[PDB]
Each structure stands twice: as C-alpha cells, then as structure tokens.
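Chains as they are written, first to last, in the entry's author numbering: chain 1, 415 to 619; chain 2, 415 to 516; chain z, 209 to 721; chain 4, 209 to 311; chain f, 209 to 414. Don't be surprised by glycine CBs; every beta carbon is placed ideally from N, CA and C.
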Amino acid sequence: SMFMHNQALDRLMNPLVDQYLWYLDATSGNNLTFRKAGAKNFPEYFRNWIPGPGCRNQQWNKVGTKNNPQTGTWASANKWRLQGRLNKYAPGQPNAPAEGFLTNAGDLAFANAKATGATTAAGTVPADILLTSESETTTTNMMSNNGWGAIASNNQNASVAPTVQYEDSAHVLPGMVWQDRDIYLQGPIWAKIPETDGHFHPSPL
Amino acid sequence: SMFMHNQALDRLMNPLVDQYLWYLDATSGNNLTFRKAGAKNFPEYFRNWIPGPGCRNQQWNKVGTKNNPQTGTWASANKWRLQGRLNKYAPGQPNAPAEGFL
Amino acid sequence: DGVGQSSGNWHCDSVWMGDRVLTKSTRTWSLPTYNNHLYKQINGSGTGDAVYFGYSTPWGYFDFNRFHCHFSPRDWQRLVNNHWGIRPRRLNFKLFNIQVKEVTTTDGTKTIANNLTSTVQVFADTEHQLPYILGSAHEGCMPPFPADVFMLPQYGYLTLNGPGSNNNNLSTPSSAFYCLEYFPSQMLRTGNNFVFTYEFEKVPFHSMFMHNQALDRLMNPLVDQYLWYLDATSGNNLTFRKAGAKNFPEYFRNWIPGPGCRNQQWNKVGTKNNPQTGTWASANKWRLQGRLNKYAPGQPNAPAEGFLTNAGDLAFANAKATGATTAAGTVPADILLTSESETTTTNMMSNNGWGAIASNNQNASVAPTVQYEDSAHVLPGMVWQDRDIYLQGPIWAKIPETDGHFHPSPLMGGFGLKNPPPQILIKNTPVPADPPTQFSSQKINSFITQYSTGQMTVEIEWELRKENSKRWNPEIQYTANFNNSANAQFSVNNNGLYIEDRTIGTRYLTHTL
Amino acid sequence: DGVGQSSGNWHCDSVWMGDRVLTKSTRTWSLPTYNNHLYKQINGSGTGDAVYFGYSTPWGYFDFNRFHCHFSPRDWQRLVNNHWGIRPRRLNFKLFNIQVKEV
Amino acid sequence: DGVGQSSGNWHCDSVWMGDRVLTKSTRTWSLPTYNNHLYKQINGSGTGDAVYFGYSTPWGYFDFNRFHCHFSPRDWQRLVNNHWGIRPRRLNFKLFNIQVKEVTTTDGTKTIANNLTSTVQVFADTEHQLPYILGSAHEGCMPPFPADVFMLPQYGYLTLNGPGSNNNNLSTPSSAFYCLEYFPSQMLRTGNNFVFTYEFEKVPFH
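(1) In the DSSP assignment, the alpha helix (DSSP H) including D283 (chain 4) goes from what residue to what residue?
(2) With a threshold of 6 Å on Cβ separation, who are the neighbours of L230 (chain 4) within its own chain once the five nearest residues in sequence on each side are excluded?
(3) From what residue to what residue does the beta strand (DSSP E) around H613 (chain 1) run?
(4) Quick one: Cα of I607 (chain 1) to Cα of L717 (chain z), how far?
(5) Under DSSP, the beta strand (DSSP E) around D439 (chain 1) begins and ends at which residues?
(6) Counting only C-beta atoms, is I543 (chain 1) closer than 8 Å to chain z at any point?
(7) When the distance is taken between beta carbons, is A523 (chain z) closer than 8 Å to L435 (chain 2)?
(8) Pairing CB atoms from the segment 450-464 of chain 2 with CB atoms from the segment 486-505 of chain z, are three or more of them under 8 Å?
(9) Shortest alpha-carbon distance to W670 (chain z) belongs to which of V259 (chain z), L246 (chain z), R295 (chain z)?
(10) So what does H346 (chain z) bridge to, in DSSP terms?
(11) Let me check understanding here. Comparing Cα to Cα, which of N374 (chain f), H414 (chain f), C220 (chain f) lies closest to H278 (chain f)?
(12) In the DSSP output, which residue or residues are listed as bridge partners for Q484 (chain z)?
(13) In terms of residues, what are the limits of the beta strand (DSSP E) holding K493 (chain z)?
(14) For the segment 307-325 of chain z against the segment 245-265 of chain z, do three or more pairs of beta-carbon atoms, one drawn from each stretch, fall closer than 8 Å, so that the two count as touching?
(15) Quick check on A355 (chain z): buried or exposed, where buried means 16 or more other Cβ atoms within 10 Å of its Cβ?
(16) Tell me the start and end of each unbroken beta strand (DSSP E) in the segment 247-335 of chain z that is at least 3 residues and wholly inside, in chain order.
(17) Sorted by chain position, which residues of the same chain lie with C-beta nearer than 6 Å to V586 (chain 1)'s C-beta, five sequence neighbours on each side aside?
(18) Skipping 5 residues on each side, what residues in its chain have a beta carbon closer than 8 Å to that of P483 (chain 2)?
(19) Just to confirm before moving on: does the CB-CB distance between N305 (chain z) and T398 (chain f) stay below 8 Å?
(20) Please classify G216 (chain f): is it buried, with 16 or more other beta-carbons within 10 angstroms of its beta-carbon, or exposed?
(21) By the 8 Å beta-carbon criterion, what residues does the segment 214-233 of chain z contribute toward chain f?
(22) Who are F456 (chain 2)'s beta bridge partners in DSSP?
(23) When the Cα atoms are used, what is the spatial distance from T255 (chain 4) to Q650 (chain z)?
(24) Given 7 Å as the limit, tell me if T720 (chain z) has its C-beta closer than that to any heavy atom belonging to the ligand PLP.
(25) By Cβ distance below 6 Å, which residues in the same chain neighbour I464 (chain z) in space, the five residues on each side in sequence not counted?
(26) Which residue spans inside the segment 572-607 of chain 1 form an unbroken beta strand (DSSP E) run of at least 3?
(27) In three-state DSSP terms, what is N375 (chain f)?
(28) Restricting to Cα atoms, I'd like to know which of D611 (chain 1), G612 (chain 1), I603 (chain 1), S583 (chain 1) is closest to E581 (chain z).
(29) Give the single residue among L378 (chain f), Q307 (chain f), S344 (chain f), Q285 (chain f) whose Cα lies nearest to the Cα of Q213 (chain f).
(30) Residues in its own chain within less than 7 Å of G210 (chain f) by CB, not counting five upstream and five downstream?
(31) Could you confirm whether any beta carbon from chain 1 is found closer than 8 Å to the beta carbon of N462 (chain z)?
(32) Going by Cα to Cα distance, which pick from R297 (chain f), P381 (chain f), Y386 (chain f), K309 (chain f) is closest to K410 (chain f)?
(33) With a threshold of 8 Å on Cβ separation, who are the neighbours of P628 (chain z) within its own chain once the five nearest residues in sequence on each side are excluded?
(34) Can you tell me the Cα-Cα spacing of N692 (chain z) and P540 (chain z), whole angstroms?
(35) Is it the case that the Cβ atoms of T661 (chain z) and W237 (chain z) are separated by a distance below 8 Å?
(36) For the segment 413-428 of chain z against the segment 630-650 of chain z, do three or more pairs of beta-carbon atoms, one drawn from each stretch, fall closer than 8 Å, so that the two count as touching?
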C-alpha cells in the first residue's frame, strides 16, 4: 500500500448525528444514570475497530544534550531471547515514536557513501545517517511513547473505589487493524518465509 | 451462528473412562510421583482447546445501593489510546460479566 | 451368509507404494451390556472446580484414534527416518464374524451358551449430531499388539450445569438429552456384516523434520549488514554503529520466535525439588465459568535440559503400570516422557520469559530501565512449530464449531478436522425374560444376560512427503538400543506381556529453516 | 432368510419436508401366552351399573394409537409452534426379528 | 456350504502313469490352544553349549515333510525296485470339514459341546518371511498309517542371543520378534474350506 490514510480510526463517524447507543456514565446518587453517546464527545463513542499491536520502546531525543549519557544502548534495548541467549528486538512493529524522538533499532537507518567504518557521531543525528519514519501510520498503528491503554484493576463495592492499570504491551486481538512497515528506495524487496508449522501475517518486519 | 453451545470446553470428554495421559501430581518424599488423569477429576485432564481472548472490565452492580458513588465512569473505564489521546474501549470482546452485574 | 460360513477374513499388514502407505489392522473385541439397557443421568456433588451434569448410555463405541493402532514399531521407524511429512487420506471400516452369547447362573456357577438369533445394532454418525467424545485422548482404543483382545468402552457425554443454591450440578434449561435409538441404526445377526468408508479433507502435512538453523542465526556470517543503529549516547552527541562484524544480537531480523508462557520447572532429580504434596497449587491454569482448569499442555515450549513441567508435555506408561500412580527417586521406568527440545530453534523455552521491554521514558536526569515479559501472544511476523505426533499419541481432533478459531491445531498434537471420522456406536439388543401371564403396563425390569464379540478392521490410506536434501554428512536416525537386554525391545516378556520401551517422535531428519 | 441373517433394521427418525412430515418409530415387544391358549367368557355379578358379558381371548394386539409414540418432545415443539394444522395420510407397519423362546 | 453339507471328500491313493506317479493322502488332526493365546519368550540359563533366546507362539503348523506320509510300504517297494530316480514336481494342499468344539468343566467332569459359529484362521507363508522350522526333522508330521489321528505341533522359533555377564541367554539388539497376526490370514467357520497349490523348481534326480 503506497497510501497514507485519510482518517484516524477513532475519527471514523459522522460528526453531525449522535449514535443510538447508551452507556452508564454516572453511578452517583444511589441510582444508575445512562448517557446517550453523542453530542460531539468522541471518546465515548462505540467503535467497530481498534488500533494495532505493539509494545513500548525506549525513546532517545534527537537533541544530544537532553539524552542520558549511556556508553551503550544494549542494556536499555527491547530484547527477545532464544535458546537461553538474548537478542535485540529490531525492528519492532511499525510503531512511530514521538515527534522529535527516535528509538534503538526501532526503525531502519541507512548511510551515505561518505561514511566508511563502523561508526559516526554528531551533536545531533549525523548528516551521513539517513533516518526513516513511520509517522504516516499513526492513524492506525500504536505509538511507541506510551502503553496501549488501561484496564480494570479490581472489583468494586460501596466501600472501595474502582482503579485501573496500564497496559504497556499488546498483541493480536479479534477485530484489530494495522499498517505494515513501508518499503523504501534503499530497503530490501523480499524475504523468505521460513517453512514452519505456523506463522502469522507473514510480512517481513 | 444463531445457536448457543450445548457443552463447555472444559467439559468436552467422556466422563465414564479415564484418559491414558500421565502427569506429575506430587513431589513430596524426595521422589517423583506420576498420577494418571481420570477418575472424575476434571481440572486435571489434558485438553486440545482453550478459552477465548479478553480482558477484565470494571463491573457495576445493577442494584444501585451497592455501587460506589462516582460522578462519572470515564476515570474507571477500559481505554485504548491513539495519537496521544485516550478513547474508551467499547465494546470489548464478548466477555460476559457476573450474573447481576454490568 | 448363514450360520455356517464366515463373513470376513483377517487383514493386518502394511503396503508401501511410492508416496502412499496403506495400513490394515484387525482386533478382537468384547461388548458387555452397560447400565442394564438404561440411560442414567450422572452428576457431581456440591460446589467446586469439578462439577458436572451428563448422561451415561447403554451403548459402546469403537475408538481407533491413537497412532500405534495403525503402525508397528518397525513401520514407524521405517516411516520417520525416510520422510518429511504424513497426512491421512481415506479410511475403511468393517465389522464381521459377530457372535452373541448368553450367560446363565445356576447356584454360583456360570454356563455360557451361544444364542444364534440374537442381534447387535450399530450405526456411524456421519453428520456429527451427537456429542463428540473422541479426540479427547481417552482409553479403550485398539491395543498396540495384534494378539490382544480388548473390551469396548461405554459411551457417555456431559452437558451444561447450573447454579443451584449450594450446588452447581443442577441442570440448566438448555441441557441436552440425546437418545441414541432415535438414530436409524443397523441390526446384525451372526451372519451379516457392517462396513463404511470415509475420506479426509485436505490438511497440511505434519512436519517430520527438525530445523537446521535457529532464527537468530539466519544470515551470512561473512558480510556485515548495511543497516545502522544507535549504539552510544555518551558525550552529548549521538553515535550510530553499523550492524555487523560478527556481533549477532545487534542484527536486524525479519522474524521473531513463537508465542508461549512460563511454566514451573521440576528437576528430574528428586532430591533437588521442593517437597509439595501436590502440584495443583503451582500449575499454569486457565479458568472458564468461574472454575479453574489446569492449562495442559501449553504451546510446545521446551523446558531446560534436565527439567520437566507439570502436564506441560505428554507422558505415557507401560502395560506394567496399573493403578493411578507410580513413584521413584527419578522419573519412573514405567513412565514414558516426551520432549519438544527439537523445537527450541523457533519456539520459546519455558524456563524464562519471552524478552524485555522499555520500562520508562528518559531524560538527562533519569536512567533508562527495562522490564521483563513473562508471557507472549501472537504478533505479526512470528513463526513457531506445532507439537509433534508420537507413536502413542492421538491422530486427530474435532475443531469445535465456533465463530472464530486461530491456527486450529490440537494442543496435544494431531490433525484438526472440521469433519472428523464418524463415531461408531454399538449395543446389544435387549431380550426380555419370560413375562407374566396377567398384563402389567410397567416397564420390563428383567432381561436375559448376554454379551457379544467379534472382529473389526481399519484400513487407512496415508499420504506422505518425499525427502530431498543435499546435505553432505549423515543424519540422526531412530535406532534400537545397543545394549544386550533381558527382553528384546518392543516385544513380549516371559509372562507374555507386550511392552513399549519408550516413546518415539517423528522428528529426526533435518530441514533448512 | 434363514436363522443366521436378520429380517430388518432399526428405523426411528423424523423427516420434515415442505408440508409433509414423516415419522418412524421402533420398539421391542414381548408376548406371553394368555389364558393357556383358551377362550373364556367373563361376566360380572348381580345387578348394578357395572355389569358385563364378554370373552377373553388368547391373543394380543399392537396399539400405537397414542400421539407421543410417534413424536419426540422436540418434534412436537417444532410442530406446534410453526403450523396451523395436521392430519394423517398414510401409515406403514412391519414386524421383524421374531424369536420364540421356551421355558 | 452351510452347516449341513460337507466341504470335501476322502482321497488317499496312488496313481502310476508312465514316468509320473501321483500320491494322495488324508489324515485327521486335532488342534489345541497353545499358551492361552499368548506369545512368550523362552530362554535358557547360564553359560554353556546349549543357550538360546526365542519365542513360543500360540499357533500350530502342518508338517507333511517326511516321506512315508506320502508312500505306503508297497508303493515304496514298487518304486525303488523299478526306477533309477525320483524328484518332486507339484503339490496340492487342502483343509476341509473343520469343526470347532468347546469344553466346560463343572465340578471335576468335562462336557464337550460343539460351537457352530467359532472360527479358525490359517495362512501359508509363500515368501518365506517367517523363520523356517521345517527341514529340521522334528516330530509332528502326518502319521505313516492312514487310520491314525494326530495332534498338530506348536510353532516356535529362536533367535540371536548375547553375552551378558554370567548369561549368554541375554537378547541382542538384532533379536527379531515376529507377530503372526501381522500376516493376512484366512478365517474359516465349519462350512468353508482352504486350499492352495505349489510347484517345485527344477532339481536333479535322486
């Protein structure tokens, strides 16, 4: 798909008419109060689809003065392990970072012919390094700068308050949509799907 | 599908005959003790299939006197966020609540 | 035809022709009369995790499901060393040489006679309208060894229960009651015989190969990648490193290891383990309708070397083990363990979590941290192996009809089927005793005690995948043990008891990843 | 034919096709010998509202008359909720697998 | 066919025609149930010249091998005085008039009845895939004299043994176990009968 989306998921609707669906807004007063979804309050609407999977990833500001001075990023990277040995998890699902931030091997990066050797350094992202950005996908895919959402922490009664906890990672659920990572001019065209008894959405990361 | 199921997952089996599969029930006594799955103990059986996905959701009793007096339920809702802004997660996967709750 | 002439012949053999293999097997079975020709509901007591409501039935059923019914240990060796895959195609079922016998007890002695005019009645359920109890790995299958004679198991099912006051065993308005005489069965005297055929729908081959490479190890070691990453933040400036020069963890990869979850690991040495009088408290569990169930077996996640799990992988036993339990300082000699360690190249191991993840946002004054993920689930671009099929394991299972299912393969291993082989159900037709002369409208209480016996056969056409591999050096293959033993392996002992010495998986030959 | 081969098979089911429904049922029956193979007259005593004269017979008779012989409680539910009327048309009767035993 | 009619007739004779002679013989045999329908391994004890490892089988076998099964002492005299050589050519084998009987013991007495629906199952091994115990000059052949009734011998074989510590009777990884039900035999009630034919390859005259 060469196209960037024209709408966000949460923004798919007709703004001019309210939904016919009802929810419980307010418990106060020893009685239940049902509110009707509509009148330009978007977070409350019912929706058929939910944003794609992902996980958090440590974010490194492009300005060098604001970053924390680590002599290596291996300790802080997202990792997966196989046969008792740990491997950097790169690149993840196409989860865009915050504006003005980047990640450790979260997205592809290239270099000029001017860069020879194993390293380059500059006060900001070097002029030889060619960054890529998935920010075109933020309309569907999850961003990397925070978790996927909240969830109910505990059961309630009259004497205990309801609480919620935050989900840092997500996985595939029914009725969920996402974009695959983009192909660049300098990127690889294909890959071989390893022959295995199962694979899910077999597109190269 | 217009039908309601006739059986639970965990309840799919023949109750009259025990399985031929063995598991480790008891470690005590400095030796390993393997038990044979069967004799009407259902939780122990091996099964081919497992129940569907979901997540917890805050439950509100239909009786109004037992509920906690919140002037809004937005703070306690299940939410997913997109482009830095949070959205109620509704409706979730078809996960039934407790009887007498919503 | 008639009483004098036989209705069939004995076929047990195997025929290897090209890419097809055709197995035939026959056994001799014995069918009693269950429940005195009655249907009975069965139910538990009180509240708890095990509570049930169901019906026991005066019927019995043939189960050939398990593998080694269809294969001898030589045919299995011959199969798993030479081939990369197998799937079923057709099957053919027959009953013949039915004979029904009646029992009479005078004083304390039994005298068995032979009733020529009695019948048995049998049917197969093609449309799967009854509850399907196969694929649940029960007992009562064809024995491994052709000279054993076995007794058919009783048929029964159980259904929805409901929340009574102190009792969850109370039936629910939707609890179903199936009468098996409301099926159009077939009644068979001694002369006539029963047959039907079946055809499997297309399924993928089961992979008989172990992988030749790990995921993280797929690459050319001699040339570095062209991709760049941020190695070092120090010095108030960003430093990009180029992936390569024999540092593997840093490489970019297209694929990631499969899903799973941690599972408590129990050392095979008994002295090192913690003395728990039961493992139920420590097991991985999933819960349904408010009651908890052990989660077994999980996804094929191998444990550490020298460790095992609680119902994480399949386990079997000899014919020497009778009763519900065995114990030894180490894993008992009767217990037959299975191991998924062949899958560690893709699937996740059970001894630790799936990986780490970013804990927090950073700034100059706060250090970056990470947290560990104990469980994982399905993500795009992720690969795994399914659990292996053994010689003693189940062949198939029925995919429950539902609005959705993901990668529908049985967690015990097998071939998931939308339309599995039909259940086969059989009963002794009730013959009443002498009625009274004065009419009475009540049911007939007393019958003539009798049982039946005969022979069966199962002929399955298997499809299998040729092996073309150009690897120079030789491969691991299944071979008999090299010690001189008191009893030859997979053979009878002095007392005449057949013994499987160990389980055999199908994965020996390798394949590139 | 012969002693060795069966004379019939078990049919119990129901078939709903259009505006016809076709029910099949089978049972197993047991017949004694009544009256020691004799006919006997039977009669009451005295005068009253119940007084009778008749004959008891060394015979026995199949009676399928009642409804639920022919319908299961699900087939009945399925019948009475969906339809405004029913009438019979044809019937077919069979006996098979006779076997006689002496005491 | 059926229980009422016989499946064969009695043929015992000899026919001398030119340079061919054709012998027919029939006997009446009795087959028990060996090993309670079980396979059992059998083995010796200790070290010595006689040590063995094998299997006893719940089967039985017809052996006609020996000569005088096929020749009467007059036919033999008539043969050896008039001729310079003999070799076999073809053979024809048949079983018929099978009848199976069941035994019941009440107190200490036996009562033998006749089970019409029971079967026996028989096969011939054409490809010689089982261990071949004939030609070893055992007992259990057809008797010399046609009016004798004999009992069929039990089938069994023995296989490689191996050097355990004090025991050479210990099985070896290559010791073979043959299950005879893994052969496609033929099941016979009382009415039906069994037959096959065979043809010798050319051998020199004796």
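Taking the coordinates as given:
(1) The residue labelled residue 283 (chain 4) in the question sits at position 75 within the fourth sequence. Looking at the DSSP string, the run of the alpha helix (DSSP H) that includes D283 (chain 4) is 281-290.
(2) Locating residue 230 (chain 4) in the fourth sequence gives position 22, counting from the first residue. Counting only Cβ-Cβ distances below 6 Å, and skipping sequence neighbours, we find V223.
(3) For the purposes of this step, residue 613 (chain 1) is taken as residue 199 along the first sequence, with counting starting at 1. Taken as a continuous stretch (DSSP letters only), the beta strand (DSSP E) holding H613 (chain 1) covers 612-614.
(4) Reading the first sequence from its first residue, position 193 is the one you call residue 607 (chain 1). Reading the third sequence from its first residue, position 509 is the one you call residue 717 (chain z). Each residue's Cα considered, the two are about 20 Å apart.
(5) Position 25 of the first sequence, counted from the start, is the residue given in the question as residue 439 (chain 1). Per DSSP, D439 (chain 1) is one residue of the beta strand (DSSP E) stretching across 436-440.
(6) Residue 543 (chain 1) sits at position 129 when you count from the first residue of the first sequence. Yes - at least one Cβ of chain z is within 8 Å of the one on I543 (chain 1).
(7) Sequence index remark: in the second sequence, residue 435 (chain 2) carries index 21 (1-based). Sequence index remark: in the third sequence, residue 523 (chain z) carries index 315 (1-based). Yes.
(8) The count of Cβ pairs closer than 8 Å, one atom from the segment 450-464 of chain 2 and one from the segment 486-505 of chain z, reaches three, so the stretches are in contact.
(9) One-based indexing of the third sequence puts residue 670 (chain z) at position 462. Among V259 (chain z), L246 (chain z), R295 (chain z), the Cα nearest to that of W670 (chain z) is on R295 (chain z).
(10) Reading the third sequence from its first residue, position 138 is the one you call residue 346 (chain z). For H346 (chain z), which the question treats as bridged, DSSP gives the partners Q433 (chain 2).
(11) Translated into the one-based positions of the fifth sequence, residue 278 (chain f) becomes position 70. Closest by alpha carbon: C220 (chain f).
(12) For this step, residue 484 (chain z) is matched to residue 276 along the third sequence. In the DSSP assignment, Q484 (chain z) is bridged to no other residue.
(13) By one-based count along the third sequence, residue 493 (chain z) stands at place 285. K493 (chain z) -> beta strand (DSSP E) spans 493-496.
(14) Put simply, the segment 307-325 of chain z does not touch the segment 245-265 of chain z. Fewer than three CB pairs are less than 8 Å apart.
(15) If you number the third sequence from 1, residue 355 (chain z) lands on position 147. It is buried - the Cβ of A355 (chain z) has at least 16 other Cβ atoms within 10 Å.
(16) If only uninterrupted beta strand (DSSP E) runs of at least 3 residues are considered, those enclosed by the segment 247-335 of chain z are 248-251, 261-270, 293-314, 317-323, 328-332.
(17) Reading the first sequence from its first residue, position 172 is the one you call residue 586 (chain 1). Around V586 (chain 1): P467.
(18) Against the second sequence, residue 483 (chain 2) aligns to sequence position 69. Take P483 (chain 2), set aside five residues on each side of it, and no residue of its chain has a beta-carbon closer than 8 Å to its own.
(19) Counted from its first residue, the third sequence places residue 305 (chain z) at position 97. Counted from its first residue, the fifth sequence places residue 398 (chain f) at position 190. In this structure, the beta-carbon distance from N305 (chain z) to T398 (chain f) does not fall below 8 Å.
(20) By 1-based counting over the fifth sequence, the position of residue 216 (chain f) is 8. Exposed, because fewer than 16 other Cβ atoms sit within 10 Å of the Cβ of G216 (chain f).
(21) Going along the segment 214-233 of chain z in chain order, one finds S214, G216, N217, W218, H219, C220, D221, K232 with a Cβ nearer than 8 Å to chain f.
(22) By one-based count along the second sequence, residue 456 (chain 2) stands at place 42. Residue pairing of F456 (chain 2) in beta bridges, as defined by DSSP: absent, with no partner found.
(23) As a working note, residue 255 (chain 4) is residue 47 in the fourth sequence. As a working note, residue 650 (chain z) is residue 442 in the third sequence. Their backbone Cα atoms lie some 33 Å apart in a straight line.
(24) By its list of ligands, the structure shown contains no ligand whatsoever, and the ligand PLP lies outside what it can speak to.
(25) Stepping through the third sequence from its first residue, residue 464 (chain z) is reached at position 256. Result list for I464 (chain z): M590, in chain order.
(26) Listed in chain order, the complete beta strand (DSSP E) runs (minimum 3 residues) inside the segment 572-607 of chain 1 are 578-581.
(27) What you label residue 375 (chain f) is simply residue 167 of the fifth sequence in a count that begins at 1. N375 (chain f) falls in the coil class under three-state DSSP.
(28) The count along the third sequence starts at 1 and reaches residue 581 (chain z) at position 373. Out of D611 (chain 1), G612 (chain 1), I603 (chain 1), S583 (chain 1), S583 (chain 1) has the C-alpha closest to the C-alpha of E581 (chain z).
(29) Within the fifth sequence, the letter at position 5 stands for residue 213 (chain f). Residue nearest to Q213 (chain f) within the set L378 (chain f), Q307 (chain f), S344 (chain f), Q285 (chain f) is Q307 (chain f) (criterion: CA-CA distance).
(30) The residue you call residue 210 (chain f) lines up with position 2 of the fifth sequence. Annotation for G210 (chain f): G399 place their beta carbon closer than 7 Å to its own, counting only its chain and skipping 5 residues before and after.
(31) Position 254 of the third sequence holds residue 462 (chain z). Answer yes: the Cβ-Cβ gap between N462 (chain z) and chain 1 drops below 8 Å somewhere.
(32) Locating residue 410 (chain f) in the fifth sequence gives position 202, counting from the first residue. Checking every option, the nearest Cα to that of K410 (chain f) belongs to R297 (chain f).
(33) Taking the third sequence and counting its residues from 1, the one referred to as residue 628 (chain z) is at position 420. If you ignore the 5 residues before and after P628 (chain z), its C-beta comes within less than 8 Å of the C-beta of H336, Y340, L342, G343, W604, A605, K606, all in its own chain and listed in chain order.
(34) If you number the third sequence from 1, residue 692 (chain z) lands on position 484. If you number the third sequence from 1, residue 540 (chain z) lands on position 332. Taking the straight line joining both Cα atoms gives about 21 Å.
(35) As a first step, residue 661 (chain z) is located in the third sequence; it is residue number 453 there, counting from the start. As a first step, residue 237 (chain z) is located in the third sequence; it is residue number 29 there, counting from the start. Cβ atoms of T661 (chain z) and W237 (chain z): closer than 8 Å.
(36) The segment 413-428 of chain z is not in contact with the segment 630-650 of chain z.
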